[PDB]
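Structure, as structure tokens:
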């Protein structure tokens, strides 16, 4: 077990730059990119908005696989 | 007729729908759960009016809707679809109004 635990912690530490998972990146980009879209006002505003929305498939899928109601788990992320 | 019967008016040409849609998009920012998605869907559905007003008139609905959203965020709550020359403008000053 110690050999396993050291491998798990090492893998995390090996990456000099880390970003929180669990939907943090996708949910954060969803909101940030949605604001970005508002600076265009042409055609890319729609492509950016749909691109941003697409990233929510990850926290949505994770919630469904957890047997939890994605409509609350994902919505709460958008709020936070 | 309505100019004499209804003293309480709001700007037309989608201007009223734009202000409601905006206030809904902001309201939903404080709502969590299933209600958030439905409120936003309502805010989106309201845009069917300025959308179809543009499309049926032969206008570039995508450009006009984008200009309406962005121009409205500046605080001018009477922006709407102009049918004289394809653009957006103050439909209250231009006397394009509907009873409240």
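Residue numbers (PDB author numbering), protein chains in the order written: chain a, 401 to 480; chain H, 401 to 500.
Positions of the beta carbon are idealized from the N, C-alpha and C atoms, including for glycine.
Using a Cβ-Cβ distance cut-off of 7 Å, determine whether residue 468 of chain a contacts chain H. As a working mapping, residue 468 of chain a is identified with position 68 in the first chain. Not an interface residue.
Examine chain a for any beta-carbon lying closer than 7 Å to the beta-carbon of residue 468 of chain H, and answer yes or no. Locating residue 468 of chain H in the second chain gives position 68, where the first residue counts as 1. Residue-level contact check: residue 468 of chain H does not touch chain a, since none of the beta carbons of chain a fall below 7 Å from its beta carbon.
Are the C-beta atoms of residue 476 of chain a and some chain H residue less than 7 Å apart? In the first chain, residue 476 of chain a corresponds to position 76, counting from 1. With its beta carbon less than 7 Å from one in chain H, residue 476 of chain a belongs to the interface.
Could you give the C-beta distance for residue 478 of chain H and residue 432 of chain H, rounded to a whole number, given that I count them as a contact under 8 Å? By 1-based counting over the second chain, the position of residue 478 of chain H is 78. By 1-based counting over the second chain, the position of residue 432 of chain H is 32. The distance from the Cβ of residue 478 of chain H to that of residue 432 of chain H is about 33 Å, inconsistent with a contact at the 8 Å cut-off.
Delimiting residues of the alpha helix (DSSP H) encompassing residue 420 of chain a: Counted from its first residue, the first chain places residue 420 of chain a at position 20. Segment: none, residue 420 of chain a is in no alpha helix (DSSP H) and carries neither H nor E.
Beta-carbon spacing of residue 471 of chain a, residue 434 of chain H below 7 Å: The residue labelled residue 471 of chain a in the question sits at position 71 within the first chain. The residue labelled residue 434 of chain H in the question sits at position 34 within the second chain. Yes, they are a contact pair.
How would you label residue 420 of chain a, buried or exposed, when you count the other beta carbons within 10 angstroms and need 16 or more for buried? On the first chain, residue 420 of chain a is found 20 positions in, with the first residue counted as 1. Exposed: under 16 other Cβ atoms inside 10 Å.
Closer than 6 Å by C-beta to residue 452 of chain a: which residues in its own chain qualify, once you throw out the five before and the five after it? Chain order, please. As a first step, residue 452 of chain a must be located in the first chain, where it is residue number 52. Once the five neighbours on either side are set aside, the close Cβ partners of residue 452 of chain a are 430, 433 and 434.
Contact between the region 461 to 476 of chain H and the region 458 to 469 of chain a (3+ Cβ pairs under 8 Å): These segments do not touch.
Select from the region 420 to 432 of chain H all residues with a C-beta closer than 7 Å to any C-beta belonging to chain a, and list them in chain order. When CB distances to chain a are screened at a threshold of 7 Å, the residues of the region 420 to 432 of chain H falling below it are 432, in chain order.
Coil, strand or helix - residue 498 of chain H by DSSP: Counted from its first residue, the second chain places residue 498 of chain H at position 98. Secondary structure of residue 498 of chain H (DSSP, three-state): strand.
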